[PDB]
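S.K.: Data: upload-v1.cif, mmCIF, C-alpha atoms and all ligand atoms.
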```
data_entry
loop_
_atom_site.label_atom_id
_atom_site.label_comp_id
_atom_site.auth_asym_id
_atom_site.auth_seq_id
_atom_site.Cartn_x
_atom_site.Cartn_y
_atom_site.Cartn_z
CA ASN O 1 0.00 0.00 0.00
CA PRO O 2 1.26 3.49 -1.03
CA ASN O 3 2.42 5.96 1.63
CA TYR O 4 1.65 9.66 2.01
CA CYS O 5 3.20 12.41 4.15
CA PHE O 6 1.51 15.69 5.11
CA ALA O 7 2.50 18.13 7.84
CA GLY O 8 5.16 15.53 8.49
CA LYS O 9 2.77 12.80 9.65
CA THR O 10 2.73 9.71 7.44
CA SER O 11 -0.45 7.84 6.54
CA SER O 12 -1.62 4.91 4.45
CA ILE O 13 -4.88 3.47 3.15
CA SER O 14 -5.25 1.84 6.56
CA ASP O 15 -5.90 5.29 8.05
CA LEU O 16 -8.82 6.09 5.73
CA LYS O 17 -12.25 5.76 7.33
CA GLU O 18 -13.98 2.89 5.53
CA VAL O 19 -17.74 3.37 5.34
CA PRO O 20 -19.88 0.22 4.99
CA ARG O 21 -21.10 0.01 1.39
CA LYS O 22 -24.57 -0.94 2.64
CA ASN O 23 -24.79 2.44 4.37
CA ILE O 24 -24.21 4.25 1.08
CA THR O 25 -27.03 5.19 -1.30
CA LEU O 26 -26.57 7.04 -4.61
CA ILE O 27 -29.12 9.72 -5.51
CA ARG O 28 -28.21 11.37 -8.81
CA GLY O 29 -25.29 12.08 -11.11
CA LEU O 30 -23.42 15.37 -10.77
CA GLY O 31 -21.19 14.90 -13.78
CA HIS O 32 -17.70 13.49 -14.27
CA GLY O 33 -14.25 15.04 -14.50
CA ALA O 34 -11.89 12.78 -16.43
CA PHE O 35 -11.36 10.58 -13.36
CA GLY O 36 -14.86 9.16 -13.50
CA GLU O 37 -18.46 9.90 -12.54
CA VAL O 38 -19.50 11.72 -9.38
CA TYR O 39 -22.87 11.19 -7.73
CA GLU O 40 -24.83 12.89 -5.00
CA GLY O 41 -25.34 10.36 -2.24
CA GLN O 42 -26.28 9.70 1.37
CA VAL O 43 -24.64 7.72 4.14
CA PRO O 44 -28.53 10.95 6.99
CA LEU O 45 -25.33 12.61 5.78
CA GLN O 46 -25.41 14.16 2.30
CA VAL O 47 -22.28 13.31 0.33
CA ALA O 48 -20.69 13.66 -3.08
CA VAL O 49 -19.46 10.26 -4.24
CA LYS O 50 -16.37 10.10 -6.40
CA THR O 51 -16.17 6.72 -8.10
CA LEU O 52 -13.31 4.72 -9.57
CA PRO O 53 -14.21 3.00 -12.85
CA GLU O 54 -13.99 -0.76 -12.36
CA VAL O 55 -12.19 -0.84 -15.71
CA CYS O 56 -8.97 1.01 -14.91
CA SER O 57 -5.20 0.63 -14.93
CA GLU O 58 -3.50 -0.03 -11.60
CA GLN O 59 -2.07 3.46 -12.06
CA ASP O 60 -5.58 4.93 -12.06
CA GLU O 61 -6.27 3.02 -8.85
CA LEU O 62 -3.11 4.35 -7.20
CA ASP O 63 -4.04 7.89 -8.23
CA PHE O 64 -7.47 7.31 -6.69
CA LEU O 65 -6.06 6.02 -3.40
CA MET O 66 -3.62 8.93 -3.22
CA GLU O 67 -6.37 11.51 -3.74
CA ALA O 68 -8.24 9.93 -0.83
CA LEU O 69 -5.20 10.19 1.46
CA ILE O 70 -4.48 13.77 0.44
CA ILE O 71 -7.94 15.16 1.15
CA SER O 72 -8.48 13.12 4.33
CA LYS O 73 -5.32 14.65 5.82
CA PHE O 74 -6.40 18.29 5.42
CA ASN O 75 -8.26 20.03 8.24
CA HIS O 76 -9.46 23.51 7.27
CA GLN O 77 -12.80 25.24 6.75
CA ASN O 78 -12.01 26.19 3.14
CA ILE O 79 -10.96 22.74 2.01
CA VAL O 80 -13.69 20.22 1.23
CA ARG O 81 -14.03 17.51 3.88
CA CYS O 82 -13.71 13.79 3.24
CA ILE O 83 -16.40 11.86 5.10
CA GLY O 84 -14.62 8.62 4.31
CA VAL O 85 -14.11 6.02 1.60
CA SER O 86 -15.51 2.68 0.50
CA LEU O 87 -12.57 0.82 -1.00
CA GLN O 88 -13.55 -2.74 -0.12
CA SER O 89 -16.36 -2.85 -2.68
CA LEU O 90 -16.43 -2.20 -6.42
CA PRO O 91 -16.64 0.35 -7.78
CA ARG O 92 -14.50 2.09 -5.16
CA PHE O 93 -15.85 5.32 -3.63
CA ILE O 94 -14.41 8.44 -2.13
CA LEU O 95 -17.00 10.27 -0.04
CA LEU O 96 -16.83 14.08 0.11
CA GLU O 97 -18.76 16.85 1.84
CA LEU O 98 -21.67 17.70 -0.48
CA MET O 99 -21.26 21.30 -1.60
CA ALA O 100 -24.78 22.24 -2.67
CA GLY O 101 -23.65 25.39 -4.43
CA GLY O 102 -21.79 23.37 -7.03
CA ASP O 103 -18.49 24.42 -8.61
CA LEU O 104 -17.42 28.06 -8.62
CA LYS O 105 -17.01 28.57 -12.37
CA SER O 106 -20.52 27.41 -13.24
CA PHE O 107 -21.95 29.36 -10.30
CA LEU O 108 -20.35 32.57 -11.57
CA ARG O 109 -21.67 31.85 -15.05
CA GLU O 110 -25.21 31.04 -13.93
CA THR O 111 -25.48 33.74 -11.27
CA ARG O 112 -24.11 36.79 -13.06
CA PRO O 113 -26.36 39.89 -12.87
CA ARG O 114 -29.04 40.23 -15.53
CA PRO O 115 -32.19 42.32 -16.09
CA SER O 116 -34.02 39.46 -14.35
CA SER O 117 -27.84 38.90 -8.46
CA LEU O 118 -24.31 39.34 -7.17
CA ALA O 119 -22.27 42.20 -5.73
CA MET O 120 -18.59 43.02 -5.37
CA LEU O 121 -18.71 41.94 -1.73
CA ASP O 122 -19.87 38.44 -2.73
CA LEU O 123 -16.90 38.08 -5.06
CA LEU O 124 -14.53 39.37 -2.39
CA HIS O 125 -15.83 36.85 0.16
CA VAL O 126 -15.29 33.99 -2.29
CA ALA O 127 -11.78 35.31 -3.01
CA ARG O 128 -11.03 35.54 0.71
CA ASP O 129 -12.37 32.03 1.35
CA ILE O 130 -10.08 30.44 -1.24
CA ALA O 131 -7.13 32.62 -0.24
CA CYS O 132 -7.61 31.30 3.29
CA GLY O 133 -7.54 27.74 1.98
CA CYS O 134 -4.38 28.54 -0.01
CA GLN O 135 -2.75 30.10 3.06
CA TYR O 136 -3.41 26.91 5.01
CA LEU O 137 -1.83 24.90 2.19
CA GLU O 138 1.14 27.28 2.00
CA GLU O 139 1.86 27.10 5.72
CA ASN O 140 1.74 23.30 5.50
CA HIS O 141 4.09 23.37 2.50
CA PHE O 142 1.56 21.81 0.14
CA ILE O 143 1.60 23.11 -3.43
CA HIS O 144 -1.76 22.77 -5.13
CA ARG O 145 -0.60 23.42 -8.71
CA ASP O 146 -4.10 23.92 -10.16
CA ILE O 147 -5.83 26.72 -8.28
CA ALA O 148 -8.73 27.58 -10.60
CA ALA O 149 -12.44 28.34 -10.43
CA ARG O 150 -13.39 24.92 -11.81
CA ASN O 151 -11.64 23.34 -8.82
CA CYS O 152 -13.54 25.35 -6.20
CA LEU O 153 -16.94 24.56 -4.65
CA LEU O 154 -19.65 26.49 -2.79
CA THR O 155 -21.61 25.31 0.25
CA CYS O 156 -24.77 26.99 -1.04
CA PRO O 157 -26.13 29.40 -3.71
CA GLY O 158 -27.17 32.06 -1.20
CA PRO O 159 -25.33 34.96 0.55
CA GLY O 160 -24.00 32.75 3.33
CA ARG O 161 -22.13 30.62 0.81
CA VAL O 162 -18.63 29.47 1.71
CA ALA O 163 -16.08 28.70 -1.01
CA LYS O 164 -13.65 25.80 -0.64
CA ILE O 165 -10.94 24.14 -2.69
CA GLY O 166 -12.54 20.91 -3.85
CA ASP O 167 -10.14 19.11 -6.20
CA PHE O 168 -6.52 18.03 -5.80
CA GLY O 169 -6.04 16.02 -8.98
CA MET O 170 -3.00 17.89 -10.26
CA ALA O 171 -1.15 17.66 -6.95
CA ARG O 172 -1.92 13.93 -6.88
CA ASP O 173 -0.47 13.35 -10.35
CA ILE O 174 2.80 15.04 -9.42
CA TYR O 175 3.01 13.25 -6.07
CA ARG O 176 2.36 10.13 -8.17
CA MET O 177 -3.73 19.02 -20.56
CA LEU O 178 -1.48 21.22 -18.42
CA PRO O 179 -3.38 24.23 -17.04
CA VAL O 180 -0.94 26.59 -18.77
CA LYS O 181 -3.36 29.52 -18.45
CA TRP O 182 -3.04 29.23 -14.66
CA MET O 183 0.73 28.68 -14.55
CA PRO O 184 3.63 31.09 -13.89
CA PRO O 185 6.60 31.17 -16.31
CA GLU O 186 9.05 29.23 -14.15
CA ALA O 187 6.41 26.50 -13.83
CA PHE O 188 5.65 25.80 -17.48
CA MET O 189 9.20 26.63 -18.60
CA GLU O 190 11.35 24.93 -15.96
CA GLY O 191 8.81 22.73 -14.22
CA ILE O 192 9.65 24.57 -11.02
CA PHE O 193 6.88 24.63 -8.42
CA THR O 194 6.90 26.47 -5.09
CA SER O 195 4.46 28.24 -2.78
CA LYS O 196 4.74 31.13 -5.24
CA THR O 197 3.27 28.92 -7.95
CA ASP O 198 -0.11 29.01 -6.24
CA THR O 199 0.14 32.78 -5.77
CA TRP O 200 0.28 33.23 -9.54
CA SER O 201 -2.63 30.85 -10.11
CA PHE O 202 -4.67 32.61 -7.45
CA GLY O 203 -4.22 35.84 -9.39
CA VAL O 204 -5.80 34.10 -12.37
CA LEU O 205 -8.61 32.72 -10.20
CA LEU O 206 -9.20 36.29 -9.00
CA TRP O 207 -9.62 37.35 -12.61
CA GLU O 208 -12.01 34.47 -13.20
CA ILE O 209 -14.02 35.56 -10.18
CA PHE O 210 -14.30 39.25 -11.06
CA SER O 211 -14.89 38.53 -14.73
CA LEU O 212 -17.76 36.35 -13.48
CA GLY O 213 -16.54 33.08 -14.94
CA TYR O 214 -14.88 33.92 -18.24
CA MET O 215 -12.06 31.77 -19.57
CA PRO O 216 -8.70 33.48 -18.92
CA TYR O 217 -6.86 35.20 -21.78
CA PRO O 218 -9.96 35.37 -23.98
CA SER O 219 -9.33 34.35 -27.59
CA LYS O 220 -5.81 33.06 -26.87
CA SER O 221 -4.75 29.44 -27.19
CA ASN O 222 -2.38 27.77 -24.73
CA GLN O 223 0.72 28.46 -26.82
CA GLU O 224 -0.24 32.09 -27.41
CA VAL O 225 -0.70 32.48 -23.66
CA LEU O 226 2.65 30.82 -23.05
CA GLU O 227 4.31 33.31 -25.42
CA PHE O 228 2.23 36.25 -24.17
CA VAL O 229 3.04 35.70 -20.48
CA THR O 230 6.68 34.83 -21.17
CA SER O 231 7.12 38.19 -22.92
CA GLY O 232 5.61 40.06 -19.98
CA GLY O 233 2.00 40.18 -21.15
CA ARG O 234 -0.79 40.19 -18.55
CA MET O 235 -4.59 40.21 -18.67
CA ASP O 236 -6.53 43.48 -18.68
CA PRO O 237 -8.90 44.02 -15.75
CA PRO O 238 -12.28 42.28 -15.93
CA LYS O 239 -15.22 44.53 -16.83
CA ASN O 240 -15.92 47.05 -14.05
CA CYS O 241 -13.13 45.62 -11.87
CA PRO O 242 -12.04 48.09 -9.15
CA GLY O 243 -8.41 49.16 -9.42
CA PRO O 244 -7.57 47.87 -5.91
CA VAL O 245 -8.72 44.37 -6.91
CA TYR O 246 -6.90 44.44 -10.25
CA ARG O 247 -3.73 45.45 -8.41
CA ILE O 248 -3.85 42.30 -6.32
CA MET O 249 -3.95 40.40 -9.62
CA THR O 250 -0.99 42.20 -11.16
CA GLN O 251 1.04 41.66 -7.99
CA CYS O 252 0.21 37.93 -8.10
CA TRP O 253 1.51 37.91 -11.68
CA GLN O 254 4.95 39.38 -10.96
CA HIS O 255 7.53 37.65 -13.15
CA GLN O 256 9.93 36.96 -10.28
CA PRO O 257 8.47 34.49 -7.74
CA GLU O 258 10.07 36.48 -4.92
CA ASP O 259 8.25 39.66 -5.98
CA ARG O 260 4.87 37.95 -5.60
CA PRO O 261 2.93 38.24 -2.30
CA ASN O 262 2.49 35.30 0.06
CA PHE O 263 -1.07 34.50 1.03
CA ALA O 264 -1.00 36.37 4.33
CA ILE O 265 -0.38 39.50 2.27
CA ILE O 266 -3.02 38.58 -0.29
CA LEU O 267 -5.56 38.13 2.51
CA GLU O 268 -4.61 41.53 3.93
CA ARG O 269 -5.22 43.23 0.59
CA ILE O 270 -8.49 41.39 0.06
CA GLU O 271 -9.59 42.56 3.51
CA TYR O 272 -8.71 46.15 2.66
CA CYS O 273 -10.74 45.92 -0.55
CA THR O 274 -13.79 44.73 1.41
CA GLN O 275 -13.46 47.72 3.75
CA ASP O 276 -13.20 50.21 0.90
CA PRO O 277 -16.59 51.71 -0.06
CA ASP O 278 -15.32 52.71 -3.50
CA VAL O 279 -14.64 49.03 -4.17
CA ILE O 280 -17.76 47.34 -2.84
CA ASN O 281 -20.11 50.07 -4.05
CA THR O 282 -18.94 49.39 -7.60
CA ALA O 283 -21.75 47.72 -9.55
CA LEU O 284 -21.10 44.52 -11.50
CA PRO O 285 -21.97 44.58 -15.20
CA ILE O 286 -25.43 43.32 -16.15
CA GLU O 287 -25.59 41.18 -19.29
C1 LIG X 301 -23.88 19.47 -6.08
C2 LIG X 301 -22.81 19.71 -7.08
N1 LIG X 301 -23.14 20.23 -8.31
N2 LIG X 301 -22.12 20.41 -9.14
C3 LIG X 301 -21.07 20.00 -8.43
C4 LIG X 301 -21.41 19.54 -7.12
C5 LIG X 301 -20.50 19.02 -6.07
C6 LIG X 301 -20.72 19.16 -4.69
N3 LIG X 301 -19.86 18.68 -3.72
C7 LIG X 301 -18.71 18.03 -4.10
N4 LIG X 301 -17.85 17.55 -3.08
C8 LIG X 301 -18.38 17.84 -5.46
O1 LIG X 301 -17.18 17.16 -5.70
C9 LIG X 301 -16.68 16.88 -7.04
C10 LIG X 301 -15.61 15.78 -6.87
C11 LIG X 301 -16.09 18.13 -7.72
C12 LIG X 301 -15.13 18.92 -6.99
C13 LIG X 301 -14.57 20.09 -7.57
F1 LIG X 301 -13.68 20.80 -6.87
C14 LIG X 301 -14.92 20.51 -8.86
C15 LIG X 301 -15.86 19.75 -9.61
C16 LIG X 301 -16.45 18.57 -9.05
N5 LIG X 301 -17.39 17.87 -9.87
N6 LIG X 301 -18.54 18.47 -10.29
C17 LIG X 301 -19.10 17.50 -11.02
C18 LIG X 301 -18.29 16.37 -11.02
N7 LIG X 301 -17.19 16.60 -10.29
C19 LIG X 301 -19.30 18.34 -6.43
#
```
In structure tokens, how does this file's structure come out?
Ligand SMILES: Cc1n[nH]cc1-c1cnc(N)c(O[C@H](C)c2cc(F)ccc2-n2nccn2)c1

M.R.:
Amino acid sequence: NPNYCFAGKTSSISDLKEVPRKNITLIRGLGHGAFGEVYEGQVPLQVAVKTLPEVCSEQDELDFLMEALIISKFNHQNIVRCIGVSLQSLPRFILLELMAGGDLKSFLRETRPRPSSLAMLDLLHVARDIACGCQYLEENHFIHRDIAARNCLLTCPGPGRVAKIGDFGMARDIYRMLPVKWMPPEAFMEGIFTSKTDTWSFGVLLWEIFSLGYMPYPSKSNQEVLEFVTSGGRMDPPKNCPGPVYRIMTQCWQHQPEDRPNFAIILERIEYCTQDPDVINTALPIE
């Protein structure tokens, strides 16, 4: 059985909480993300059920086990909880906290203001939530490598929503298709990853958030983005984006890793934005 170390402590599949398969009922599909299908389920505790296809390479199965160990070891309010696993029956399950708000990218898309609602403060709270998750990862020396709106989840649609990081598939692969639009130069050029990798990606997530769910670098392909960013190019501000928010982005995208803020600083600047009336009184565009 494969080992895993986080915050020092070592763990193995033996440490995962096995839930009796009989206690698990599937309700409906939620979609699949390359790894396999995910269902809403119950154990009554509401869960999202990540499944391993019974037809898979042993490498797929190892990846699956590792993902289980990674998420079970985190303990933070802005990282999705693992209720447990069911590995002793096929297909194998990983059981996650059900985030009723769905993923962040689709939420932003479906909830953007129209003549038929969202405010700057809602976007800032999401940004703060994920920054807090990233800060917890940073201080535990875990590099996520794929911070992006599609990998974040919301507890609910309404104002009290809490955003959390919900997928760790990229980190799992590296621990043992590239998200180039979320990657800093040293990452996609040299394959160098550090805490400052996630800072760059967070800047891109911020853009995704305040653009309300647009794809980064609109109209550019991966290679054009690679060349654009390598030559010092950066995204323009999203529509109606307050200058203080855009400036967090541009600081996250500093070419030198050492010139980019750590997450404690990012959280400070996000806080300041939420206090600033000229920021939060700015109306979002209505499509
Ligand atoms: C309800 C609901 N509607 N739409 C999504 C959910 C949902 C709630 N809670 C979860 N724990 C959850 O987890 C999966 C693994 C996930 C995690 C992530 F970060 C990004 C995407 C996905 N995803 N979306 C569909 C298939 N895979 C999904």

S.K.: Report the closest atom pair, with its distance in Å rounded to one decimal, for each residue of chain O that has an atom no farther than 9 Å from ligand LIG 301 (chain X); count only C-alpha atoms and all ligand atoms, sort by chain and then rising residue number, and write it as JSON lines.

M.R.:
```
{"residue": "O:29", "atom": "CA", "partner": "X:LIG301", "partner_atom": "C18", "distance": 8.2}
{"residue": "O:30", "atom": "CA", "partner": "X:LIG301", "partner_atom": "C17", "distance": 4.8}
{"residue": "O:31", "atom": "CA", "partner": "X:LIG301", "partner_atom": "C18", "distance": 4.3}
{"residue": "O:32", "atom": "CA", "partner": "X:LIG301", "partner_atom": "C18", "distance": 4.4}
{"residue": "O:33", "atom": "CA", "partner": "X:LIG301", "partner_atom": "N7", "distance": 5.4}
{"residue": "O:34", "atom": "CA", "partner": "X:LIG301", "partner_atom": "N7", "distance": 9.0}
{"residue": "O:35", "atom": "CA", "partner": "X:LIG301", "partner_atom": "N7", "distance": 8.9}
{"residue": "O:36", "atom": "CA", "partner": "X:LIG301", "partner_atom": "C18", "distance": 8.4}
{"residue": "O:37", "atom": "CA", "partner": "X:LIG301", "partner_atom": "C18", "distance": 6.6}
{"residue": "O:38", "atom": "CA", "partner": "X:LIG301", "partner_atom": "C18", "distance": 5.1}
{"residue": "O:39", "atom": "CA", "partner": "X:LIG301", "partner_atom": "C18", "distance": 7.7}
{"residue": "O:40", "atom": "CA", "partner": "X:LIG301", "partner_atom": "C1", "distance": 6.7}
{"residue": "O:47", "atom": "CA", "partner": "X:LIG301", "partner_atom": "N4", "distance": 7.0}
{"residue": "O:48", "atom": "CA", "partner": "X:LIG301", "partner_atom": "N4", "distance": 4.8}
{"residue": "O:49", "atom": "CA", "partner": "X:LIG301", "partner_atom": "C10", "distance": 7.2}
{"residue": "O:50", "atom": "CA", "partner": "X:LIG301", "partner_atom": "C10", "distance": 5.7}
{"residue": "O:80", "atom": "CA", "partner": "X:LIG301", "partner_atom": "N4", "distance": 6.6}
{"residue": "O:81", "atom": "CA", "partner": "X:LIG301", "partner_atom": "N4", "distance": 7.9}
{"residue": "O:82", "atom": "CA", "partner": "X:LIG301", "partner_atom": "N4", "distance": 8.4}
{"residue": "O:94", "atom": "CA", "partner": "X:LIG301", "partner_atom": "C10", "distance": 8.8}
{"residue": "O:95", "atom": "CA", "partner": "X:LIG301", "partner_atom": "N4", "distance": 7.9}
{"residue": "O:96", "atom": "CA", "partner": "X:LIG301", "partner_atom": "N4", "distance": 4.8}
{"residue": "O:97", "atom": "CA", "partner": "X:LIG301", "partner_atom": "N4", "distance": 5.1}
{"residue": "O:98", "atom": "CA", "partner": "X:LIG301", "partner_atom": "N3", "distance": 3.8}
{"residue": "O:99", "atom": "CA", "partner": "X:LIG301", "partner_atom": "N3", "distance": 3.6}
{"residue": "O:100", "atom": "CA", "partner": "X:LIG301", "partner_atom": "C1", "distance": 4.5}
{"residue": "O:101", "atom": "CA", "partner": "X:LIG301", "partner_atom": "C1", "distance": 6.1}
{"residue": "O:102", "atom": "CA", "partner": "X:LIG301", "partner_atom": "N1", "distance": 3.6}
{"residue": "O:103", "atom": "CA", "partner": "X:LIG301", "partner_atom": "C3", "distance": 5.1}
{"residue": "O:104", "atom": "CA", "partner": "X:LIG301", "partner_atom": "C14", "distance": 8.0}
{"residue": "O:106", "atom": "CA", "partner": "X:LIG301", "partner_atom": "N2", "distance": 8.3}
{"residue": "O:149", "atom": "CA", "partner": "X:LIG301", "partner_atom": "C14", "distance": 8.4}
{"residue": "O:150", "atom": "CA", "partner": "X:LIG301", "partner_atom": "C14", "distance": 5.5}
{"residue": "O:151", "atom": "CA", "partner": "X:LIG301", "partner_atom": "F1", "distance": 3.8}
{"residue": "O:152", "atom": "CA", "partner": "X:LIG301", "partner_atom": "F1", "distance": 4.6}
{"residue": "O:153", "atom": "CA", "partner": "X:LIG301", "partner_atom": "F1", "distance": 5.4}
{"residue": "O:154", "atom": "CA", "partner": "X:LIG301", "partner_atom": "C6", "distance": 7.6}
{"residue": "O:155", "atom": "CA", "partner": "X:LIG301", "partner_atom": "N3", "distance": 7.9}
{"residue": "O:164", "atom": "CA", "partner": "X:LIG301", "partner_atom": "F1", "distance": 8.0}
{"residue": "O:165", "atom": "CA", "partner": "X:LIG301", "partner_atom": "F1", "distance": 6.0}
{"residue": "O:166", "atom": "CA", "partner": "X:LIG301", "partner_atom": "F1", "distance": 3.2}
{"residue": "O:167", "atom": "CA", "partner": "X:LIG301", "partner_atom": "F1", "distance": 4.0}
{"residue": "O:168", "atom": "CA", "partner": "X:LIG301", "partner_atom": "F1", "distance": 7.8}
```

S.K.: Work out how far apart CA of residue 286 in chain O and CA of residue 113 in chain O are and give it in Å to one decimal.

M.R.: 4.8 Å

S.K.: Per residue of range 195-287 of chain O within 10 Å of range 131-134 of chain O, note the shortest atom pair and the distance in Å to one decimal, counting all atoms listed in the file, and order the rows by chain and increasing residue number, as JSON lines.

M.R.:
```
{"residue": "O:195", "atom": "CA", "partner": "O:134", "partner_atom": "CA", "distance": 9.3}
{"residue": "O:198", "atom": "CA", "partner": "O:134", "partner_atom": "CA", "distance": 7.6}
{"residue": "O:199", "atom": "CA", "partner": "O:134", "partner_atom": "CA", "distance": 8.5}
{"residue": "O:202", "atom": "CA", "partner": "O:131", "partner_atom": "CA", "distance": 7.6}
{"residue": "O:206", "atom": "CA", "partner": "O:131", "partner_atom": "CA", "distance": 9.7}
{"residue": "O:262", "atom": "CA", "partner": "O:134", "partner_atom": "CA", "distance": 9.6}
{"residue": "O:263", "atom": "CA", "partner": "O:131", "partner_atom": "CA", "distance": 6.5}
{"residue": "O:264", "atom": "CA", "partner": "O:132", "partner_atom": "CA", "distance": 8.4}
{"residue": "O:265", "atom": "CA", "partner": "O:131", "partner_atom": "CA", "distance": 10.0}
{"residue": "O:266", "atom": "CA", "partner": "O:131", "partner_atom": "CA", "distance": 7.2}
{"residue": "O:267", "atom": "CA", "partner": "O:131", "partner_atom": "CA", "distance": 6.4}
{"residue": "O:270", "atom": "CA", "partner": "O:131", "partner_atom": "CA", "distance": 8.9}
```

S.K.: For the atom pair CA of residue 1 in chain O and CA of residue 142 in chain O, what is the interatomic distance in Å to one decimal place?

M.R.: 21.9 Å

S.K.: Identify, on the basis of only C-alpha atoms, every residue whose closest approach to residue 73 in chain O does not exceed 12 Å; exclude the query and any residue fewer than 2 positions from it along the same chain; express the result as a ChimeraX atom specification.

M.R.: /O:4-13,15-17,66-71,75-76,79-84,137,140,142

S.K.: For a quick check of understanding, using all atoms listed in the file, which of O:121, O:19, O:143, O:108 has the smallest distance to residue 87 in chain O?

M.R.: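 Closest candidate: O:19.
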
S.K.: Which residue is closest to residue 181 in chain O? Choose from O:3, O:194, O:222, O:117 and count only C-alpha atoms.

M.R.: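 When distances to residue 181 in chain O are compared using only C-alpha atoms, the smallest one comes from O:222.
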
S.K.: Would you please work out which residue, of O:14, O:201, O:281, O:275, is nearest to residue 240 in chain O when using only C-alpha atoms?

M.R.: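 The closest residue to residue 240 in chain O is O:281.
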
S.K.: Any idea what the distance is between CA of residue 230 in chain O and CA of residue 188 in chain O?

M.R.: 9.8 Å
